[PDB]
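Undergrad: One structure follows; several queries about it will come next.
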Amino acid sequence: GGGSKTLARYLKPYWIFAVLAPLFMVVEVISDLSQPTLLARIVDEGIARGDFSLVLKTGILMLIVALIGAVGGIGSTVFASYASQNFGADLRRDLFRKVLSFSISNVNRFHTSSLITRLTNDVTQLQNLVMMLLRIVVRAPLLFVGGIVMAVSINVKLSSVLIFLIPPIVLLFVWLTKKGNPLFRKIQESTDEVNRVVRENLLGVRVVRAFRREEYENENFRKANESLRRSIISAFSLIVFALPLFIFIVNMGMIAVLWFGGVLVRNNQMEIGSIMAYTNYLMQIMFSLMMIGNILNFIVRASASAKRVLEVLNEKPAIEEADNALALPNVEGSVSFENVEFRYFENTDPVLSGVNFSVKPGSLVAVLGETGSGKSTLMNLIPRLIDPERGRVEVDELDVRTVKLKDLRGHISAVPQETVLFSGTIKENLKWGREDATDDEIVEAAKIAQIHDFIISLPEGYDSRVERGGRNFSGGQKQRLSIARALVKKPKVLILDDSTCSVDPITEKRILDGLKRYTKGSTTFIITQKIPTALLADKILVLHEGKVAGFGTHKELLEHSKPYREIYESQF
Amino acid sequence: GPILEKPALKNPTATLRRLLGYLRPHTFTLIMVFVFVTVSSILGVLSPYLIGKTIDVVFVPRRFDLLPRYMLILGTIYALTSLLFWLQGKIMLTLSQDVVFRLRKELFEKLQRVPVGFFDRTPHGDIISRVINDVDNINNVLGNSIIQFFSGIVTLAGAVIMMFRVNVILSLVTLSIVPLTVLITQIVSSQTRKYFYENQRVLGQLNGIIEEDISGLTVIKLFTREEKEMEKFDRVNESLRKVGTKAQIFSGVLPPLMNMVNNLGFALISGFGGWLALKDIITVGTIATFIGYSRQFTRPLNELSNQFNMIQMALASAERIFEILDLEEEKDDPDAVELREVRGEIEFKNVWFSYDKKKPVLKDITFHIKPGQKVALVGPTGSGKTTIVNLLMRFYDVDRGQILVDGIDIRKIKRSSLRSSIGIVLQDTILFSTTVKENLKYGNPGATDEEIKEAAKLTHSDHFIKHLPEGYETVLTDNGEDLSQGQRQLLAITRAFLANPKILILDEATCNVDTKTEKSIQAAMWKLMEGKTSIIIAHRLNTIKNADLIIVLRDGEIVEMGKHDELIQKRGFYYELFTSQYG
């Protein structure tokens with residue numbers, strides 16, 4: 001239930017760095033707390049006692065302390081930087097290595113957008129929290145507490161004033177937090193709405209401009225813009241009040257140190273210089289206390305990231321290969337579904353149910369169906385990307401669950417409708433099937449895929465540059481570039497999704513024609529909703545609402561399969 | 001963080017003045033504030049002076065009767081200081097939050113007016129991102145960094161003027177950290193920016209590998225790329241590991257180094273000051289006062305440098321924003337006529353259009369459509385049939401040639417009238433994050449909630465609308481994400497109906513459409529087209545057969561033109577484009 005995995009493991013190998021940091025900080029805090037004491041003693045023992053030696057010597061001594069605190073502070077910044085960084089690498093690496101082992105079941109749990117933000121934002125948030133802990137979570141509470149101890153040691157009685165400056169501020173902080181927190185959310189809400197309005201007026205400029213209704217969006221943008229002016233003028237009127245109030249109290253306690261400190265000098269209890277010192281320590285407590293205020297506000301957020309990052313490490317891979325799984329030297333390419341029932345999310349209806357069929361090695365089956373008929377689950381089922389609830393999936397009458405994945409998957413190529421390319425050259429992308437592939441082998445399959453002409457019309461042709469995700473090329477160019485990359489693999493099973501439809505300029509038919517020429521000795525599924533796309537196929541599997549409707553040729557199917565007549569009626 | 005390069009401002013003084021015009025209607029309120037900061041800044045440099053007295057006056061010569069006279073003087077000065085900070089902030093809040101309210105209005109309106117080209121050319125995100133940041137930069141400097149800069153000038157000169165008129169010797173001792181502070185800060189601020197970027201590089205590369213691999217995870221397993229992707233990550237991570245450290249040290253050594261200057265100051269003021277009191281040259285109270293100016297020459301000097309740069313970056317952000325406000329808007333020429341009630345005939349005369357003006361898109365396109373005639377537009381990717389739509393709504397203009405609806409050239413018709421007689425449904429339809437009823441109404445403002453039902457009935461959309469959770473008032477969050485694509489297409493059709501146009505451009509997808517809706521949307525296409533001129537980018541066999549004309553296209557040129565049976569009987573590019581499809 002959940003997981004016993006813990007971020008403290010990642011900081012552990014750097015514990016030397018994680019203690020040198022706060023230790024070099026206590027060097028600084030002390031070095032900082034000594035300066036006002038050495039001022040009282042400068043006056044109360046040296047000005048008011050005519051020893052230039054004292055003043056000279058404790059004047060030199062102050063410099064030597066001031067330089068130490070620097071070696072201290074710098075040192076605590078060098079170390080807490082090593083610690084927080086190393087930690088970040090290590091947590092990020094373990095995170096990535098986790099998302100590489102995830103299955104489609106996993107990447108659906110966290111959504112894919114989230115998965116990223118954890119692997120990037122959160123890793124840096126945590127990386128900050130560590131840096132913070134190791135230096136100013138040690139600094140701020142020592143300067144605070146240390147400052148009080150010094151105050152009391154200077155003069156116990158005057159310390160009473162601390163009980164009249166410290167609670168009003170701690171109340172100020174809590175009151176702001178409990179009352180400011182919902183209003184800054186109310187800012188994000190109104191920011192979002194401005195973004196929304198401005199976005200939809202860019203995404204749909206062509207509609208609103210056509211419908212002669214631009215002024216309705218000006219009216220729609222005003223509501224956003226006013227909802228934003230009010231949510232900010234409010235939430236920022238608190239801040240602009242709290243800070244000066246904070247300064248006043250800090251200033252008003254100064255008064256209480258000079259006033260009450262005026263009676264202790266009279267009644268011969270307290271030296272003049274010890275009042276000077278006391279005022280400094282008063283300050284060093286009041287701003288330190290404020291730092292501790294800002295720190296907590298960071299913690300609660302940095303806290304949330306540690307939850308999400310912990311989830312991703314406590315997630316378990318939904319597709320595991322058995323310890324004694326069969327290796328697959330070759331694969332013939334028969335593909336069979338006994339009573340497969342499949343569903344992506346454990347809340348919805350079965351995308352498939354009792355799906356039966358079998359395909360012989362080298363067949364060219366058309367997996368015809370409309371959207372939602374579960375036709376597109378084939379892509380994810382044959383290479384073990386999801387396991388079905390009931391039923392087997394078999395390749396070469398072997399259960400897929402029973403074979404080494406690197407073997408099974410290395411023999412299947414899928415060409416999904418949504419395609420993704422990777423930052424390097426085109427020739428690097430295409431060799432993703434086989435690195436030892438030769439230029440001619442690469443060109444062979446690029447030609448079948450109908451892309452060798454377009455690639456060659458590039459300034460650097462194959463060695464041209466692919467940008468991230470394939471953002472530089474058009475959808476259809478990505479589609480065929482993905483097909484050409486499938487074909488370099490020499491797959492024994494090859495699954496193409498002719499859905500959605502994008503794109504076709506007639507060159508689609510050219511591809512399926514060239515496929516026949518090389519699928520020779522290889523099974524090929526071709527998930528389509530187009531009838532003509534299904535007519536090149538030697539046989540047509542028809543899916544309707546998750547159950548097989550008919551598995552045969554056009555003429556057989558035209559008779560029985562009521563779904564197939566209905567589809568055929570929709571297209572012709 | 002660190003600024004990359006100083007902004008290239010094309011004559012800042014010019015843009016400064018124009019910017020200085022946005023805050024002219026609140027001048028008196030702006031002058032009121034600028035004296036608050038003044039007296040608050042002066043009252044600031046006073047308090048350390050008064051504590052010097054109070055020490056010299058009440059404390060050293062024991063005269064503690066004079067005490068509450070002083071502690072009433074301070075105690076009120078304090079109260080006023082925090083009375084101005086409040087006002088010279090609360091006033092600035094509403095004032096600055098008003099200025100950027102206007103610029104949001106002005107910008108968003110230009111959005112409504114600017115050519116559809118500016119949108120089409122640059123990604124949407126990059127424009128919102130750069131505009132909204134250039135606006136926040138204006139706000140922030142206006143409602144803070146200006147007064148924070150100005151204040152610190154007063155407070156600086158103030159605390160210096162006073163410091164010297166008390167004692168010079170000591171003044172020269174304490175100001176000898178201003179050479180330290182500025183020497184340290186700049187050395188350290190070089191190394192920081194260098195490494196900040198060096199790191200920002202390696203790290204953005206890393207998140208590339210991360211975002212791209214998570215997106216196409218499916219594709220990484222299918223190809224077994226895990227070990228290779230892992231090794232690519234690994235190499236970039238150990239890189240990041242070493243730089244991120246250098247970047248992190250150098251960005252966090254200033255506070256400890258600034259403290260070191262804050263304490264070296266406090267030690268020359270105690271060491272010289274206390275050796276100036278032994279010589280009876282200064283008083284102890286005097287020592288306490290310079291302690292009150294010791295930390296006024298470090299971070300306040302640093303807040304000064306950074307606030308300057310922040311102003312500078314805001315001036316540039318203005319210049320960007322100003323330019324967006326200077327873009328030309330679409331104007332209906334003074335002669336432009338309202339559309340006379342015609343059944344709508346269309347004619348292109350040798351039209352040539354290029355988007356980039358370097359790669360021609362349309363070449364010598366000539367034809368003539370007569371009322372009530374359904375026309376089909378066929379061709380490959382880059383045929384140029386998708387470019388026709390934008391030229392009939394005059395989103396773009398024709399380079400060479402001329403278009404004309406009902407005789408009159410489009411560039412002499414009113415853009416308002418034009419787009420009313422012409423309705424449009426595209427493959428990439430657009431819905432709104434409002435209720436269903438609001439979407440269908442959008443086309444016709446003055447529509448009743450019966451015509452909406454009645455016209456939703458005819459186009460087969462009324463059925464599924466009544467089966468939606470909230471019925472007709474169902475909010476389509478994220479623009480209809482919880483809807484079947486067919487159903488969305490159906491809705492987009494129904495709203496073009498209520499706008500009752502006399503010319504209709506169509507483009508109906510078929511790809512994530514279930515067959516059941518398919519029967520519905522094509523029936524609805526029918527009812528929409530009757531009594532309307534209909535140019536169609538068809539993807540269906542049932543429309544290119546029953547068409548009244550078919551303009552086959554290629555390379556932005558007209559290869560053929562005629563009816564179905566004829567164009568098949570000619571056996572041309574239509575035939576190939578047909579028989580290698582529906583054969």
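A note on labels: chains of the structure tokens are A, B, ... as shown, every chain counts residues from 1, and ligands are counted from 1 in their shown order.
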Quick one: pick out all alpha helix (DSSP H) residues within range 362-575 of chain B from a backbone DSSP run and write them as JSON, numbers by chain.

TA: {"B": [388, 389, 390, 391, 392, 415, 416, 417, 418, 419, 420, 421, 436, 437, 438, 439, 440, 441, 451, 452, 453, 454, 455, 456, 457, 458, 462, 463, 464, 465, 485, 486, 487, 488, 489, 490, 491, 492, 493, 494, 495, 496, 497, 498, 515, 516, 517, 518, 519, 520, 521, 522, 523, 524, 525, 526, 527, 528, 529, 541, 542, 543, 544, 564, 565, 566, 567, 568, 569, 573, 574, 575]}

Undergrad: List the neighbours of residue 343 in chain B out to 12 Å using only C-alpha atoms; skip same-chain residues closer than 6 positions along the sequence, and give me the result as a list in words.

TA: residues 369, 370, 371, 372, 373, 405, 406, 421, 422, 501, 502, 503, 504, 530, 531, 532, 533 and 534 of chain B

Undergrad: Could you write those residues out with N, CA, C and O atoms, as a PDB file, in the first residue's frame?

TA:
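The resulting result_36.pdb:
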```
ATOM      1  N   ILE B 369     -18.564  30.825 -60.380  1.00  0.00           N
ATOM      2  CA  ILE B 369     -19.622  30.031 -59.765  1.00  0.00           C
ATOM      3  C   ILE B 369     -20.949  30.787 -59.789  1.00  0.00           C
ATOM      4  O   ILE B 369     -21.022  31.957 -59.414  1.00  0.00           O
ATOM      5  N   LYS B 370     -21.996  30.107 -60.238  1.00  0.00           N
ATOM      6  CA  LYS B 370     -23.319  30.702 -60.326  1.00  0.00           C
ATOM      7  C   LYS B 370     -24.165  30.234 -59.135  1.00  0.00           C
ATOM      8  O   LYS B 370     -23.901  29.171 -58.577  1.00  0.00           O
ATOM      9  N   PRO B 371     -25.158  31.044 -58.721  1.00  0.00           N
ATOM     10  CA  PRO B 371     -25.993  30.782 -57.537  1.00  0.00           C
ATOM     11  C   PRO B 371     -26.560  29.369 -57.466  1.00  0.00           C
ATOM     12  O   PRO B 371     -26.813  28.761 -58.506  1.00  0.00           O
ATOM     13  N   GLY B 372     -26.747  28.857 -56.252  1.00  0.00           N
ATOM     14  CA  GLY B 372     -27.362  27.554 -56.048  1.00  0.00           C
ATOM     15  C   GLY B 372     -26.551  26.372 -56.555  1.00  0.00           C
ATOM     16  O   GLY B 372     -27.026  25.231 -56.537  1.00  0.00           O
ATOM     17  N   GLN B 373     -25.328  26.644 -57.008  1.00  0.00           N
ATOM     18  CA  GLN B 373     -24.460  25.601 -57.549  1.00  0.00           C
ATOM     19  C   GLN B 373     -23.472  25.076 -56.514  1.00  0.00           C
ATOM     20  O   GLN B 373     -22.694  25.839 -55.937  1.00  0.00           O
ATOM     21  N   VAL B 405     -17.571  39.068 -55.472  1.00  0.00           N
ATOM     22  CA  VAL B 405     -18.851  38.427 -55.216  1.00  0.00           C
ATOM     23  C   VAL B 405     -19.954  39.300 -55.813  1.00  0.00           C
ATOM     24  O   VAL B 405     -20.045  40.488 -55.500  1.00  0.00           O
ATOM     25  N   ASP B 406     -20.772  38.712 -56.682  1.00  0.00           N
ATOM     26  CA  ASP B 406     -21.887  39.421 -57.315  1.00  0.00           C
ATOM     27  C   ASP B 406     -21.456  40.674 -58.064  1.00  0.00           C
ATOM     28  O   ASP B 406     -22.106  41.715 -57.979  1.00  0.00           O
ATOM     29  N   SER B 421     -22.903  37.447 -45.233  1.00  0.00           N
ATOM     30  CA  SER B 421     -23.505  36.713 -46.338  1.00  0.00           C
ATOM     31  C   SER B 421     -22.740  35.422 -46.608  1.00  0.00           C
ATOM     32  O   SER B 421     -23.262  34.497 -47.228  1.00  0.00           O
ATOM     33  N   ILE B 422     -21.493  35.382 -46.144  1.00  0.00           N
ATOM     34  CA  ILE B 422     -20.648  34.200 -46.261  1.00  0.00           C
ATOM     35  C   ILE B 422     -20.483  33.525 -44.898  1.00  0.00           C
ATOM     36  O   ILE B 422     -19.923  34.108 -43.972  1.00  0.00           O
ATOM     37  N   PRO B 501     -26.222  32.599 -43.815  1.00  0.00           N
ATOM     38  CA  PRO B 501     -25.460  33.205 -44.909  1.00  0.00           C
ATOM     39  C   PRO B 501     -26.055  32.842 -46.269  1.00  0.00           C
ATOM     40  O   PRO B 501     -26.859  31.909 -46.371  1.00  0.00           O
ATOM     41  N   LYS B 502     -25.672  33.586 -47.302  1.00  0.00           N
ATOM     42  CA  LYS B 502     -26.150  33.307 -48.650  1.00  0.00           C
ATOM     43  C   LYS B 502     -25.076  32.622 -49.489  1.00  0.00           C
ATOM     44  O   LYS B 502     -25.338  32.160 -50.602  1.00  0.00           O
ATOM     45  N   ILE B 503     -23.864  32.575 -48.944  1.00  0.00           N
ATOM     46  CA  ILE B 503     -22.771  31.797 -49.509  1.00  0.00           C
ATOM     47  C   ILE B 503     -22.187  30.946 -48.387  1.00  0.00           C
ATOM     48  O   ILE B 503     -22.010  31.428 -47.269  1.00  0.00           O
ATOM     49  N   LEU B 504     -21.890  29.683 -48.672  1.00  0.00           N
ATOM     50  CA  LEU B 504     -21.374  28.785 -47.643  1.00  0.00           C
ATOM     51  C   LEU B 504     -20.121  28.045 -48.102  1.00  0.00           C
ATOM     52  O   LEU B 504     -20.169  27.279 -49.062  1.00  0.00           O
ATOM     53  N   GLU B 530     -28.848  23.780 -49.059  1.00  0.00           N
ATOM     54  CA  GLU B 530     -30.025  24.170 -49.837  1.00  0.00           C
ATOM     55  C   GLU B 530     -30.385  25.646 -49.620  1.00  0.00           C
ATOM     56  O   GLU B 530     -30.413  26.140 -48.489  1.00  0.00           O
ATOM     57  N   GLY B 531     -30.642  26.351 -50.717  1.00  0.00           N
ATOM     58  CA  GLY B 531     -30.906  27.775 -50.654  1.00  0.00           C
ATOM     59  C   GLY B 531     -29.635  28.572 -50.419  1.00  0.00           C
ATOM     60  O   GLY B 531     -29.686  29.732 -50.012  1.00  0.00           O
ATOM     61  N   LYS B 532     -28.491  27.945 -50.678  1.00  0.00           N
ATOM     62  CA  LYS B 532     -27.195  28.577 -50.467  1.00  0.00           C
ATOM     63  C   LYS B 532     -26.172  28.148 -51.517  1.00  0.00           C
ATOM     64  O   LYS B 532     -26.041  26.965 -51.816  1.00  0.00           O
ATOM     65  N   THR B 533     -25.443  29.112 -52.068  1.00  0.00           N
ATOM     66  CA  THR B 533     -24.256  28.805 -52.852  1.00  0.00           C
ATOM     67  C   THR B 533     -23.328  27.988 -51.952  1.00  0.00           C
ATOM     68  O   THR B 533     -23.138  28.345 -50.793  1.00  0.00           O
ATOM     69  N   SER B 534     -22.761  26.894 -52.455  1.00  0.00           N
ATOM     70  CA  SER B 534     -21.874  26.075 -51.625  1.00  0.00           C
ATOM     71  C   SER B 534     -20.586  25.633 -52.323  1.00  0.00           C
ATOM     72  O   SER B 534     -20.580  24.631 -53.032  1.00  0.00           O
TER      73      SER B 534
END
```

Undergrad: Let's see if you can do this: from backbone DSSP, list all strand (DSSP E or B) residues in range 401-443 of chain A, as an NGL selection string.

TA: :A and (403 or 412-415 or 421 or 424-425)

Undergrad: Save out the residues we just selected, N, CA, C and O atoms, as a compact mmCIF listing (two decimals), in the first residue's frame.

TA:
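Written out: part-v3.txt:
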```txt
# COMPACT_ATOMS: atom_id res chain seq x y z
N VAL A 403 7.31 -14.46 -23.09
CA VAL A 403 8.52 -14.16 -23.85
C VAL A 403 9.21 -12.84 -23.45
O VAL A 403 8.56 -11.83 -23.13
N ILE A 412 8.33 -6.54 -33.86
CA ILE A 412 7.11 -5.86 -34.21
C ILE A 412 7.46 -4.41 -34.45
O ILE A 412 8.30 -3.86 -33.74
N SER A 413 6.85 -3.82 -35.47
CA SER A 413 6.92 -2.37 -35.64
C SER A 413 5.50 -1.83 -35.64
O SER A 413 4.62 -2.39 -36.31
N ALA A 414 5.30 -0.76 -34.87
CA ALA A 414 4.03 -0.05 -34.89
C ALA A 414 4.26 1.34 -35.46
O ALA A 414 5.34 1.94 -35.31
N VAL A 415 3.24 1.86 -36.14
CA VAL A 415 3.27 3.21 -36.68
C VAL A 415 1.98 3.84 -36.21
O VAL A 415 0.96 3.78 -36.90
N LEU A 421 9.27 12.27 -33.22
CA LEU A 421 10.65 12.14 -33.71
C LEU A 421 11.62 12.72 -32.69
O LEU A 421 11.20 13.38 -31.74
N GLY A 424 17.99 15.01 -33.52
CA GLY A 424 19.26 14.71 -34.16
C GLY A 424 19.03 14.94 -35.63
O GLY A 424 18.24 15.81 -35.99
N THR A 425 19.68 14.15 -36.48
CA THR A 425 19.46 14.24 -37.92
C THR A 425 18.31 13.33 -38.35
O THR A 425 17.86 12.50 -37.58
```

Undergrad: Near range 120-132 of chain A, counting only C-alpha atoms, which residues have an atom at most 9 Å away, once you skip same-chain residues fewer than 4 positions from it, shown as a PyMOL selection string?

TA: (chain A and resi 11+77+80-89+91-92+95+115-116+136-138+295+298-299+301-306+308-309) or (chain B and resi 206-207+210-211)

Undergrad: Quick one: of A:134, A:142, A:364, A:239, who's nearest to chain B, counting only C-alpha atoms?

TA: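 Among A:134, A:142, A:364, A:239, it is A:239 that comes nearest to chain B.
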
Undergrad: What is the distance, in Å and to one decimal place, between CA of residue 331 in chain A and CA of residue 518 in chain A?

TA: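 About the pair CA of residue 331 in chain A and CA of residue 518 in chain A: they are 16.4 Å apart.
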
Undergrad: When you count only C-alpha atoms, which of these residues is closest to residue 451 in chain B: B:495, B:488, B:571, B:467?

TA: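 Nearest to residue 451 in chain B: B:495.
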
Undergrad: Show me, as a ChimeraX atom specification, the residues that have an atom within 9 Å of residue 395 in chain B when counting only C-alpha atoms, minus same-chain residues fewer than 3 positions from it.

TA: /A:206 /B:115-117,389-392

Undergrad: Let me make sure I understand: among B:345, B:213, B:136, B:397, which one has the smallest atom-to-atom distance to chain A if we use only C-alpha atoms?

TA: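 Closest to chain A, using only C-alpha atoms: B:213.
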
Undergrad: Using only C-alpha atoms, find the one residue out of A:411, A:209, A:434, A:230 that sits nearest to residue 330 in chain B.

TA: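 Result for the nearest residue to residue 330 in chain B: A:209.
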
Undergrad: Residues at most 10 Å from residue 108 in chain B, counting only C-alpha atoms, excluding those fewer than 6 positions away in the same chain, as a list in words?

TA: residues 197, 198, 201, 217, 218, 221 and 222 of chain A; 102 and 325 of chain B

Undergrad: Near residue 277 in chain A, counting only C-alpha atoms, which residues have an atom at most 9 Å away, once you skip same-chain residues fewer than 2 positions from it, shown as an mmCIF file with N, CA, C and O atoms, in the first residue's frame?

TA:
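File produced: result.cif:
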```
data_model
loop_
_atom_site.group_PDB
_atom_site.id
_atom_site.type_symbol
_atom_site.label_atom_id
_atom_site.label_comp_id
_atom_site.auth_asym_id
_atom_site.auth_seq_id
_atom_site.Cartn_x
_atom_site.Cartn_y
_atom_site.Cartn_z
ATOM 1 N N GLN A 35 29.930 40.644 17.231
ATOM 2 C CA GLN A 35 30.121 42.056 16.874
ATOM 3 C C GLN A 35 29.485 43.119 17.785
ATOM 4 O O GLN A 35 30.070 44.179 17.940
ATOM 5 N N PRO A 36 28.283 42.876 18.351
ATOM 6 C CA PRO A 36 27.730 43.973 19.161
ATOM 7 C C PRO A 36 28.248 43.994 20.622
ATOM 8 O O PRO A 36 28.459 45.074 21.205
ATOM 9 N N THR A 37 28.429 42.797 21.182
ATOM 10 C CA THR A 37 29.131 42.592 22.437
ATOM 11 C C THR A 37 30.496 43.283 22.428
ATOM 12 O O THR A 37 30.851 43.985 23.378
ATOM 13 N N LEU A 38 31.259 43.108 21.358
ATOM 14 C CA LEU A 38 32.564 43.739 21.287
ATOM 15 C C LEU A 38 32.446 45.250 21.088
ATOM 16 O O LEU A 38 33.444 45.975 21.189
ATOM 17 N N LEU A 39 31.240 45.735 20.802
ATOM 18 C CA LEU A 39 31.026 47.183 20.774
ATOM 19 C C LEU A 39 30.745 47.749 22.175
ATOM 20 O O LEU A 39 31.252 48.811 22.522
ATOM 21 N N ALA A 40 29.950 47.042 22.978
ATOM 22 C CA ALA A 40 29.680 47.475 24.346
ATOM 23 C C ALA A 40 31.000 47.545 25.090
ATOM 24 O O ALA A 40 31.366 48.587 25.615
ATOM 25 N N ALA A 151 20.944 38.632 24.522
ATOM 26 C CA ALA A 151 20.114 39.657 25.167
ATOM 27 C C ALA A 151 19.968 39.409 26.667
ATOM 28 O O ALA A 151 20.247 40.293 27.482
ATOM 29 N N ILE A 154 23.196 39.692 28.609
ATOM 30 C CA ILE A 154 23.523 41.095 28.805
ATOM 31 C C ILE A 154 22.814 41.649 30.032
ATOM 32 O O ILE A 154 23.430 42.339 30.852
ATOM 33 N N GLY A 273 26.870 51.406 27.059
ATOM 34 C CA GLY A 273 27.169 50.605 25.878
ATOM 35 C C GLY A 273 26.373 49.326 25.723
ATOM 36 O O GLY A 273 25.970 48.988 24.621
ATOM 37 N N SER A 274 26.153 48.621 26.824
ATOM 38 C CA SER A 274 25.241 47.491 26.833
ATOM 39 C C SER A 274 23.822 47.842 26.344
ATOM 40 O O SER A 274 23.047 46.957 26.030
ATOM 41 N N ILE A 275 23.474 49.119 26.274
ATOM 42 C CA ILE A 275 22.186 49.502 25.704
ATOM 43 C C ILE A 275 22.318 49.537 24.194
ATOM 44 O O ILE A 275 21.432 49.070 23.461
ATOM 45 N N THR A 279 20.305 47.001 21.619
ATOM 46 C CA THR A 279 19.521 47.430 20.466
ATOM 47 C C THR A 279 19.884 46.639 19.212
ATOM 48 O O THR A 279 19.000 46.211 18.465
ATOM 49 N N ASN A 280 21.182 46.446 18.979
ATOM 50 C CA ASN A 280 21.614 45.603 17.867
ATOM 51 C C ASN A 280 21.007 44.210 17.947
ATOM 52 O O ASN A 280 20.326 43.805 17.025
ATOM 53 N N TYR A 281 21.202 43.495 19.057
ATOM 54 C CA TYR A 281 20.562 42.179 19.247
ATOM 55 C C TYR A 281 19.045 42.221 19.117
ATOM 56 O O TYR A 281 18.427 41.221 18.782
ATOM 57 N N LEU A 282 18.435 43.365 19.403
ATOM 58 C CA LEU A 282 16.990 43.464 19.249
ATOM 59 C C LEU A 282 16.659 43.307 17.768
ATOM 60 O O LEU A 282 15.740 42.570 17.417
#
```

Undergrad: Which residue, B:409, B:548, B:328, B:333, has the smallest gap to residue 118 in chain B when you use only C-alpha atoms?

TA: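 Of all the options, B:328 lies closest to residue 118 in chain B.
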
Undergrad: So which residues touch range 126-132 of chain B within 10 Å, counting only C-alpha atoms, skipping near sequence neighbours fewer than 4 positions away, as a compact mmCIF listing (two decimals) with N, CA, C and O atoms, in the first residue's frame?

TA:
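Generated file (around_33.txt):
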```txt
# COMPACT_ATOMS: atom_id res chain seq x y z
N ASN A 195 -5.73 34.61 -19.34
CA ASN A 195 -5.02 33.75 -20.29
C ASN A 195 -6.03 33.07 -21.21
O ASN A 195 -5.91 33.16 -22.44
N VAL A 198 -7.58 35.43 -23.73
CA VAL A 198 -6.63 35.86 -24.76
C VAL A 198 -6.26 34.72 -25.71
O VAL A 198 -6.13 34.91 -26.92
N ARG A 199 -6.15 33.52 -25.16
CA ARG A 199 -5.87 32.32 -25.94
C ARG A 199 -6.97 32.02 -26.97
O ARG A 199 -6.71 32.04 -28.17
N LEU A 202 -7.09 33.90 -29.97
CA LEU A 202 -6.00 33.64 -30.91
C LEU A 202 -6.26 32.33 -31.64
O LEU A 202 -6.11 32.23 -32.86
N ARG B 104 -3.73 46.34 -21.24
CA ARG B 104 -4.40 45.08 -21.54
C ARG B 104 -5.58 45.31 -22.49
O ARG B 104 -5.76 44.55 -23.44
N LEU B 107 -3.96 46.45 -26.00
CA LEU B 107 -3.34 45.32 -26.67
C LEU B 107 -4.39 44.38 -27.23
O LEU B 107 -4.36 44.04 -28.40
N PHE B 118 -0.25 38.07 -38.79
CA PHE B 118 0.58 38.10 -37.59
C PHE B 118 0.32 36.90 -36.68
O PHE B 118 1.23 36.39 -36.02
N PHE B 119 -0.93 36.45 -36.66
CA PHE B 119 -1.31 35.27 -35.89
C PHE B 119 -0.76 34.04 -36.57
O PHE B 119 -0.11 33.21 -35.93
N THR B 122 3.53 33.55 -36.41
CA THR B 122 4.22 33.17 -35.17
C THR B 122 3.33 32.32 -34.24
O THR B 122 2.12 32.55 -34.17
N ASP B 136 4.07 42.66 -17.49
CA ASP B 136 4.44 42.52 -16.09
C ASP B 136 5.70 43.33 -15.78
O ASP B 136 5.79 43.97 -14.74
N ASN B 137 6.66 43.32 -16.69
CA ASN B 137 7.86 44.14 -16.51
C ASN B 137 7.55 45.63 -16.39
O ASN B 137 8.27 46.37 -15.72
N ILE B 138 6.49 46.07 -17.06
CA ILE B 138 6.07 47.47 -17.01
C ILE B 138 5.43 47.74 -15.66
O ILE B 138 5.78 48.69 -14.98
N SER B 317 10.70 46.82 -22.86
CA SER B 317 9.41 46.11 -22.89
C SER B 317 8.30 47.05 -23.31
O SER B 317 7.29 46.64 -23.89
N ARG B 320 8.55 47.38 -27.27
CA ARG B 320 7.86 46.23 -27.85
C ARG B 320 6.34 46.43 -27.84
O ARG B 320 5.69 46.33 -28.88
N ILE B 321 5.80 46.72 -26.66
CA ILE B 321 4.36 46.90 -26.47
C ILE B 321 3.82 48.06 -27.30
O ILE B 321 2.72 48.00 -27.85
N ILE B 324 3.40 46.97 -31.01
CA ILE B 324 2.17 46.21 -31.20
C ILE B 324 0.95 47.14 -31.26
O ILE B 324 -0.06 46.83 -31.89
```

Undergrad: Mind giving me the straight-line distance from CA of residue 318 in chain B to CA of residue 134 in chain B in Å, one decimal?

TA: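 Distance reported for this atom pair: 7.1 Å.
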